[PDB]
Every structure is written in structure tokens, then in C-alpha cells.
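To start, the structure itself, in C-alpha cells.
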Amino acid sequence: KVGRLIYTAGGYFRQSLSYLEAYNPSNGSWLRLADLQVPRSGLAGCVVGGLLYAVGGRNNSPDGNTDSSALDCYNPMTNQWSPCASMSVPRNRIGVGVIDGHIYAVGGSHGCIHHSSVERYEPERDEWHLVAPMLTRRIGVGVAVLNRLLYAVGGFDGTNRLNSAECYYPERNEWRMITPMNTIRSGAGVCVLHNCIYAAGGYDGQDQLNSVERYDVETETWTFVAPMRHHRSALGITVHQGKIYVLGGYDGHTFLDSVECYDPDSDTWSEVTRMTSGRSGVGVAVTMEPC
Ligand SMILES: COc1ccc(S(=O)(=O)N2CCc3ccc([C@@H](NC(=O)c4cccc5c4-c4ccccc4C5=O)C(=O)O)cc3C2)cc1
Ligand SMILES: [Cl-]
Ligand SMILES: [Cl-]
Ligand SMILES: [Cl-]
């Protein structure tokens, strides 16, 4: 269990960013690691087999605004990025989840197109294949996996921001709606802790949110927990050693550098570190420290 870092890839501040930086909760340190080959905001991160993957996003720069179909793989042992097979379609404001060593890419936008499509990557074959689409088009969608089921939470369908959520059952290649959240959320941080899916922050169409709610997959209810100290949309999120970490985002005024940590036993959030610069729209995941 020792030696794991929280990696943050990409993001946005004035333009899309190429940063890869890693935080060590055990000593408070940050490391700046190899830049992404292509800057991207609105991407997702995940880990399979000790390797960090950056999926989708958009490169917003002074010279263009290009949605990404890319999958790139970072090896901590070499501090190098390598390209992998690209997805069927560009997906900005994507969500991803991992089931049994496979990466699921969910939703996202391509220009004015709001995807319901979903595709699955096989690392051993370096291949993507489309699976059943969601029941709803969703960009800015939060995705997480619990008990080998994939959840897609909130987002924006092209007309309305959403409180709805749905679950993918892989053995039936089928999506079904679940109970909707209490709050409309696009750009929330979504993760899994114990037997619940958490949705933290986001934008409800009017304001960035500090509220946090969790879906108990047995009882099918959403319950609010303690709110974050900061309102935040387009935040990064991960779980590490039984606590939720939220990174950056936008509070309606500032691109935040603060990182907050949720302790479920006390139902409290605390500020634990600051990123090296404020940013939103990052991808976050946990893996071993680099060489
Ligand atoms: C070209 O400029 C960019 C700026 C930031 C980014 S991003 O990577 O951070 N990101 C991608 C993922 C994602 C998902 C949901 C939302 C939700 N919006 C908001 O909270 C929102 C609403 C009103 C005004 C603003 C924002 C916002 C949010 C963040 C930064 C600045 C602002 C801002 O001023 C929503 O639309 O639901 C926003 C994003 C934004 C990308 C491009
Ligand atoms: Cl699978
Ligand atoms: Cl298979
Ligand atoms: Cl595989």
C-alpha cells in the first residue's frame, strides 16, 4: 500500500495545460513530471496495471480548439508518455471508469455534438470497441465504478444540465436509470468510497456547488454529506486510503489551487495541500511513485 501518489494531468488556466504533477500525502511534497505530449483540459485520468492513462479532453490554445480522441499512457518507471490506440471519436468533458482492467470512455462532446456513446479499451490488445450507448447524452459527466458496475452521473445533454444518473451492467451490455441526484450537477467530481457513489461540487446551471451527495447502491438513495469548504466545478477527484481528495476547480471567481480531503468517519473536510498553481478540468488518478 505504501509509495502511492495522487497524479494530476492536464487542466485549464488561460489555456489547456500539459502539466503532470504528483502529490505525496505522506510527506506533503509535489513533483513535476513529464508533460503530456498535447495539452488538454476536460480529460480524465485512470490507472490500469500501474500505468496512468490520460483520456480525451480538448486542447484550447491561442491557435485552436481541438477535441481529443487520444489515449496516452504514462509509465512511472520511465517518466515517459506513450501513445495508445485512439478512441472512435473525440470526447471533451469525458468521464472514464475502469472495470476488470478495461477502460470505459463515457460521453463527452465533439464540437456541438453531445455524445451518448461509450467505448471500452483493452490494454492487452491496444484496441477500443464501442459498447451500448447511454440512455442520455452527457458531457461533463462524472463516472465511477463500484462492484464492477459503471455509473454515469449528471452532466449536460446539450439543452439541460442533469440530476439524472444511470448504471451500466457489463454482462448484459445495458444501461438503466438509477435514482436521480437531489442536485443538478455538471462538472462534478464523482468517485466511489465504501458502498457509495459520491458526487462532489459541479455546476447546477446557476452556481458552482460546495454540496456533496452520495448514492448508496443498496438502498438507492442519495444523501448529502458535509459540504466542501470551497464551491468548485470542474474539479479533480480521487480516493486514497479511505478518503476522498478533491483538487482545484473553479469557484465562480478563481481557479482554485486548494486540495481538500474528506474523512467519512468524521464526516468532515480539511484542506491538506495546494497545487503548484490554480487550475480546473484536470484528470486525476493514483499509482506508484516514479523513478
Ligand atoms: C475555454 O475555457 C475553458 C475554461 C475551463 C475549462 S475546464 O477544463 O475547466 N472545464 C471542462 C470541464 C467542465 C465541466 C463543467 C463545467 C460547468 N461550467 C461552470 O462551472 C462554469 C459556469 C459559468 C462560468 C464558468 C464556469 C467555469 C468552469 C471552469 C472554469 C471556468 C469557468 C467559468 O468561467 C458546466 O458548463 O456545466 C465547466 C467545465 C470547464 C475548459 C475551457
Ligand atoms: Cl469489462
Ligand atoms: Cl473480454
Ligand atoms: Cl486487455
Side-chain angles (χ1 to χ4, degrees), residues 8-11 41-46 54-57 91-99 103-109 114-118 134-147 149-158 160-168 175-205 208-217 222-225 227-228 231-239 244-250 260 262 280-286:
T8 181
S41 49
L43 73 171
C46 67
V55 198
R91 302 179 181 276
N92 183 33
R93 308 204 180 179
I94 194 180
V96 308
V98 174
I99 307 179
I103 305 174
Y104 287 79
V106 177
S109 57
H114 300 83
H115 300 313
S116 62
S117 67
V118 179
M134 310 173 285
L135 307 174
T136 310
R137 294 171 177 166
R138 306 177 184 272
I139 85 171
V141 59
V143 173
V145 172
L146 180 52
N147 189 35
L149 299 176
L150 175 75
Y151 294 84
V153 177
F156 176 70
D157 70 1
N160 289 305
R161 277 154 190 111
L162 304 170
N163 67 2
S164 70
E166 53 189 291
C167 183
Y168 177 74
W175 289 89
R176 302 182 182 176
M177 296 302 295
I178 63 162
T179 310
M181 298 178 294
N182 296 304
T183 313
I184 291 166
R185 308 178 186 269
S186 178
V190 170
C191 59
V192 167
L193 177 57
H194 303 152
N195 211 34
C196 294
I197 313 299
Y198 286 70
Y203 185 71
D204 68 359
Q208 296 77 28
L209 302 165
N210 69 353
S211 66
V212 182
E213 55 189 305
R214 71 184 179 200
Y215 175 76
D216 180 318
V217 302
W222 288 92
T223 304
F224 288 97
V225 304
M228 290 177 302
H231 295 248
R232 334 171 163 250
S233 67
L235 56 147
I237 193 165
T238 194
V239 173
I244 301 172
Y245 292 76
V246 297
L247 296 79
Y250 183 71
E260 293 183 62
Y262 179 70
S280 58
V282 301
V284 181
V286 175

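Positions are given from 1, in the same order as the sequence printed here.
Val96 and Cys46 get closest at one heavy-atom pair: CG2-CB, 4.0 Å. The nearest pair of heavy atoms linking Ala199 to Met181 is CB-SD, 3.7 Å. A pairwise comparison of heavy atoms in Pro227 and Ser211 identifies CB-CA, 4.3 Å as the closest pair. Residues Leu149 and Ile99 approach most closely at C-CD1, 4.4 Å, considering heavy atoms. Closest non-hydrogen pair, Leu247 versus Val282, comes out as O-CG2, 4.4 Å. The nearest pair of heavy atoms linking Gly281 to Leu43 is O-CD2, 3.4 Å.
Between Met134 and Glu166, the closest side-chain pair of non-hydrogen atoms falls below 4.5 Å. Proximity of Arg185 to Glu213: side-chain heavy atoms (C-beta onward) are separated by under 4.5 Å at one or more points. The closest side-chain heavy-atom distance from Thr223 to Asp216 is not below 4.5 Å. Residues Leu209 and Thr183 meet the side-chain proximity criterion, which asks for heavy atoms closer than 4.5 Å. The closest side-chain heavy-atom distance from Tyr151 to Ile178 is below 4.5 Å. Between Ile237 and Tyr262, the closest side-chain pair of non-hydrogen atoms is not below 4.5 Å. Using a 4.5 Å heavy-atom threshold, the side chains of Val212 and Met228 count as touching. Side-chain atoms of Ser164 and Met177, non-hydrogen and from C-beta on, do get closer than 4.5 Å to each other.
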If you apply the rule side chain to side chain contact (heavy atoms under 4.5 Å, CB included), what do you find for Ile94 with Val55, and how did you get there? CA-CA 8 Å; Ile94 194 180; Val55 198; 3.8 Å; yes
Would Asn195 and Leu146 count as a side chain to side chain contact (heavy atoms under 4.5 Å, CB included) if you check the C-alpha gap in whole Å, the side-chain angles of each, and the deciding distance to 0.1 Å? CA-CA 7 Å; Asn195 211 34; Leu146 180 52; 4.0 Å; yes
Report the C-alpha distance between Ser117 and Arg91 in whole Å, list the side-chain angles of each, state the deciding distance to 0.1 Å, and finish with yes or no for side chain to side chain donor-acceptor pair (under 3.5 Å). CA-CA 10 Å; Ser117 67; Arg91 302 179 181 276; 2.9 Å; yes
Could you walk me through whether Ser116 and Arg137 pass side chain to side chain contact (heavy atoms under 4.5 Å, CB included), step by step? CA-CA 4 Å; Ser116 62; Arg137 294 171 177 166; 4.0 Å; yes
With side chain to side chain contact (heavy atoms under 4.5 Å, CB included) as the criterion, how do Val106 and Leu150 come out once you've worked through the C-alpha distance, each side chain's angles and the decisive distance to 0.1 Å? CA-CA 10 Å; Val106 177; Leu150 175 75; 4.1 Å; yes
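Taking CZ from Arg138 and CG from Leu162, the interatomic distance works out to 5.5 Å, rounded to the nearest 0.5 Å. Note that SG of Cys167 is 9.5 Å distant from CG of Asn147, once rounded to the nearest 0.5 Å. One finds the OG atom of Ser41 at 6.0 Å from the CG atom of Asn92 (value rounded to the nearest 0.5 Å). Note that OH of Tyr203 is 6.0 Å distant from CD of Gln208, once rounded to the nearest 0.5 Å. With values rounded to the nearest 0.5 angstrom, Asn163 atom CG is found 12.0 Å from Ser186 atom OG.
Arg232 places a side-chain N or O within donor-acceptor distance of the main-chain N or O of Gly248, the cut-off being under 3.5 Å. No donor-acceptor pair closer than 3.5 Å links the side chain of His114 to the backbone N or O of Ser109. Of the possible donor and acceptor atoms, none in the side chain of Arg93 sits under 3.5 Å from a partner among the backbone N and O of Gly187. Remark: side-chain polar atoms of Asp157 are not paired, donor with acceptor, to backbone N or O of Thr136 under 3.5 angstrom.
Ring geometry for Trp175 against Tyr168 counts as tilted: the plane angle lies between 30° and 60°, on a 0 to 90° scale.
More than 12 non-hydrogen atoms from other residues, nucleotides or ligands lie less than 6.0 angstrom from CZ of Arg161.
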